[PDB]
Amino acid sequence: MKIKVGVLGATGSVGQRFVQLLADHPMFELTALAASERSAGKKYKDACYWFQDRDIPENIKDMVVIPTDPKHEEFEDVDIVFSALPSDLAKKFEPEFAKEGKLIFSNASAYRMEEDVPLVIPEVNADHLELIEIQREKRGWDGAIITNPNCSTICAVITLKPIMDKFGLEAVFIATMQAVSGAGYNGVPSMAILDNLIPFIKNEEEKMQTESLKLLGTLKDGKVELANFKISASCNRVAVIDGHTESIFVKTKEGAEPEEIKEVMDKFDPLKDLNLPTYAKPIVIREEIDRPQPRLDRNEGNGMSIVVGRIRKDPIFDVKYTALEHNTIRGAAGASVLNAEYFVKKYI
């Protein structure tokens, strides 16, 4: 048997990655696909303008899309709902599903910074899922909202976590070169990135500078106490389909050599024995001079591994390096799926 699952915003960029991950899954059975009123009524293949380089999973093609309605009869037997909704629709619909007793695993920014909402990467702050007990008391529902972080934030935080545990953190500079896929099919126009780039992604730097502090914070007396290190981000959009690349410069508390930083990242593997279907080694170290590269490395761990290269001495801080993340798997859909897999094993 399997836990029956649904997807909100199933036809969009993240939704399609949810669909790929859940079509054939050992724990979860995809039984419900939700989108807007326009898509509701049609087969998934017709409602969705599919833009993945692998075809729609065969068992999902003819699955009829339903409206985003928690009390719809197709949602009655589903226990876990994955959300790929835009933020404003997430504020409306996600509490509705939680009131119906359903577990919401959301990529939307809406509830990320709420004090009773877990903002989780399972390798980093799994214990923050304890906030659901608190959430249920204060909100009065028996469901739950669990959020995964912003894609750029996940990439940085995974690499920073083992460093912080061993050497502490003082200050982090990050410059990103971000793919277009997360903005949706009609998100980034061709002329924004054709022989061009954009040195701006609305709210991206703010998200990186704030979400990171909660993720690397400490749960204490029913609240997450934000981390105290300093963080400055500069975000950019480039002509890449999938894969966010980050130039990261790190100042530790204790001081650290590049070889020591490499070691803690390589040994970082807190989820190895948990038998999670979407598991991958958190950080894969490249020794090549010109790696990671989005096209060559984004499929690492089926899109779930962060790939790090060029770990070297920084003239100013301690260490600088390049990190790559599949922005749409580890950065979103995979982040929530891993969250859900971990949640049913360890929580309730």
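Sequential numbering from 1, following the sequence displayed.
- Higher mean CA temperature factor between 60-68 and 302-310: 60-68, per the PDB entry.
- Looking at 330-338 and 20-28 together, the entry lists the larger mean B-factor for 20-28, computed on C-alpha atoms.
- Highest C-alpha temperature factor among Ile285, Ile289, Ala323, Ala35, as the PDB entry reports it: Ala35.
- Highest CA B-factor among the listed residues (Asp127, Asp242, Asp195, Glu259): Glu259.
- For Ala47, the recorded CA temperature factor ranks within the highest third of the chain's modelled residues.
- Per the PDB record, residue ranking by Cα B-factor puts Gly41 in the highest third of the chain.
- Per the PDB record, residue ranking by Cα B-factor puts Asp55 in the highest third of the chain.
- Per the PDB record, residue ranking by Cα B-factor puts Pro122 in the lowest third of the chain.
- Remark: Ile201 belongs to the lowest third of its chain, ranked by C-alpha B-factor as recorded.
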